[PDB]
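Chemist: quick one, fold the following:
(one chain, ligands or ions: 1)
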Amino acid sequence: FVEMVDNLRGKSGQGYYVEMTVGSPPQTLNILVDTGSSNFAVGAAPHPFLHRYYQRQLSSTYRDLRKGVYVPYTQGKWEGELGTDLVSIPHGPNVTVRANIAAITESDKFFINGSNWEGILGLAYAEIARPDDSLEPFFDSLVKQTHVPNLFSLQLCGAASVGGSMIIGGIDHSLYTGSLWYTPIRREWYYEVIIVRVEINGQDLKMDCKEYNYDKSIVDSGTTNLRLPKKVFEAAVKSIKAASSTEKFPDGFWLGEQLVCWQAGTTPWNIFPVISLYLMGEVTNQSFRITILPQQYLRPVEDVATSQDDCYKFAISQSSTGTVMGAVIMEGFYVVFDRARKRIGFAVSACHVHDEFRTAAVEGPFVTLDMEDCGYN
Ligand SMILES: CN(C(=O)CCCn1c(N)nc2cc(Cl)ccc21)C1CCCCC1
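Modeler: Residues are numbered from 1 along each chain as shown. Here you go:
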């Protein structure tokens, strides 16, 4: 799948985008890859932050659905006009499909000033499509209309700019080492999974596992951070604050409220612990674990334009909507979204940034009992 390798570009913290064309003749746009939403939505008006926008007047294959969509969220919103048009991915399979497109005509704190992307490609399921599950997501359209197998895979490579690979319709063996390990997709809405055990430095947090998945755990390329439920994040940092005693830091640091800095290069990775998430396996009583480094959860902030050292945001933080395995997780791994078999695969990435003493890993099998129980109803 060589034509697809390295088809993702981005800047640190601003997400990963892929080049897409919409309409006839084709209009090129950069489109954020988002496994945490299900709408294909593109800027359609000259917002000042946008390099470019979808011009429906130029497209002979444009069809109006004559229906609006309104998408509110915490700090903002986007809204627009539903329609369909012809859509392709130049560095993706060699096919063109008719997909639903939300033409965004108003938004608040949605677009990033300084970023080079102009829309979002929600790769998750119809269940969370807006305004409702009858709006067929792009990837469902793609599979329905071509012979492209029902799966895609992501290698997010992380670095000011980032690259990676979205392989649509298959798996590229050169993007990973060792074996793939699969965790079941518990339900087709978000890419929901079940974490069954957590260890910081080989030490079990010994929380009821149900806590880990309260009330969801999801895989999300649209989120930078590893995000954790309040009750689990308290426990996580308690053990993280404790594994890292040689040095102390502001309390706000841990709340993602202040930054932390050391003399350039002088960052002590090693006083920071590895974190291991055991996921539900394919077999009864069987699990596997993925292990990430501090080099994954301490992410270097380029933008302190009032600083001269090495400052990082603690990239773990809390939620009311459950665990989110964002780019901090995904960047250590090759992630396989095997929709045809309702499972997600993880292997060690051939690109993840490794150091002398400690390495990201995917290991199994382990014996874990009562893994169902870990899920929330
Ligand atoms: C505000 N945002 C987020 O909080 C991202 C985290 C959750 N999330 C994801 N993955 N896709 C999203 C789409 C919307 Cl409309 C709102 C939240 C989203 C998104 C704004 C649009 C681009 C991705 C970040």
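Chemist: thought residue 340 was touching residue 151?
Modeler: Yes - Residue 340 sits in contact with residue 151 when judged by C-beta atoms under 8 Å, with a separation of 5.6 Å. In short, each C-beta sits where N, CA and C put it, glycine included.
Chemist: burial of residue 257, as a residue count?
Modeler: Around residue 257 there are 11 other residues, counting by other C-beta atoms under 10 Å.
Chemist: give me the neighbour count for residue 67.
Modeler: Under the neighbour criterion other C-beta under 10 Å, residue 67 is assigned a count of 11.
Chemist: residue 340 and residue 151: who's more crowded?
Modeler: Regarding residue 340 and residue 151, a neighbour count based on other C-beta under 10 Å identifies residue 151 as having more, with 21 against 9.
Chemist: for that one, which non-adjacent residue is closest in space?
Modeler: Spatially, and ignoring its direct neighbours in sequence, residue 151 is nearest to residue 338 (4.8 Å; C-beta to C-beta, 6 or more residues apart in numbering).
Chemist: got the residues of the stretch 101-250 of the chain near the ligand?
Modeler: Residues of the stretch 101-250 of the chain found near the ligand (C-beta under 6 Å from any ligand atom) are 110, 120, 220, 222-223.
Chemist: ok, those residues vs the ligand, which is closest?
Modeler: For those, the residue nearest the ligand by C-beta to the nearest ligand atom is residue 222; the value is 2.5 Å.
Chemist: how about the nearest residue to the closest one, chain neighbours excluded?
Modeler: Nearest one to residue 222, counting by C-beta to C-beta, 6+ apart, is residue 34 at 3.9 Å.
Chemist: one step back: tell me the contacts of the residue nearest to residue 151?
Modeler: Residue 338 makes contacts with 151, 182, 344-345, as judged by C-beta atoms under 8 Å, 6 or more residues apart in numbering.
Chemist: follow-up on the earlier one: for the residue nearest to residue 222, give its distance to residue 190.
Modeler: Look at residue 34 and residue 190: by C-beta to C-beta, to the nearest Å, they are 11 Å apart.
Chemist: so what sits against both of the two?
Modeler: With C-beta under 8 Å, 6+ apart applied, the overlap between the contact sets of residue 34 and residue 190 consists of 124, 220.
Chemist: picking up where we left off before, buried subset of the residues of the stretch 101-250 of the chain next to the ligand, written for PyMOL?
Modeler: Here the buried members of these are turned into a PyMOL selection, burial being counted by 16 or more other C-beta atoms under 10 Å:
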select buried, resi 110+120+220+222+223
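Chemist: between which two of the residues of the stretch 101-250 of the chain next to the ligand is the distance greatest?
Modeler: For these, with distances taken as C-beta to C-beta, the pair at the greatest spread is 110 and 220 (16.8 Å).
Chemist: leaving out sequence neighbours, find the closest residue to the residue located most distally from the centre of the chain.
Modeler: Seen from the C-alpha centroid of the chain, the residue lying at the greatest distance (C-alpha atoms, centre = their mean) is residue 60, 34.0 Å away. Here the nearest residue to residue 60 in space, its sequence neighbours aside, is residue 24; by C-beta to C-beta, 6+ apart that works out to 5.2 Å.
Chemist: quickly note the distance from the residue nearest the centre of the chain to residue 123.
Modeler: By C-alpha atoms, centre = their mean, the chain has its centre lying nearest to residue 221, at 1.2 Å. As defined by C-beta to C-beta, residue 221 lies at a distance of 8 Å from residue 123.
Chemist: which neighbours do these two have in common?
Modeler: Joint contacts of residue 221 and residue 123 (C-beta under 8 Å, 6+ apart) are 33-35.
Chemist: filter the residues you listed down to the ones near the ligand?
Modeler: With C-beta under 6 Å from any ligand atom as the criterion, the subset of the shared contacts of residue 221 and residue 123 in contact with the ligand comprises residue 34.
Chemist: the shared contacts of residue 221 and residue 123 in strands, which ones?
Modeler: Residues of the shared contacts of residue 221 and residue 123 located in strands (DSSP state E): 33-34.
Chemist: just the helices in the chain please.
Modeler: Ranges of helices within the chain are 138-145, 230-243, 251-254, 294-297, 327-330, based on DSSP state H.
Chemist: would you list these in a markdown table and tack on mean neighbour count?
Modeler: Converted to a markdown table, those look like this (neighbours: other C-beta atoms under 10 Å):
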| stretch | mean neighbour count |
| --- | --- |
| helix 138-145 | 18 |
| helix 230-243 | 17 |
| helix 251-254 | 14 |
| helix 294-297 | 21 |
| helix 327-330 | 26 |
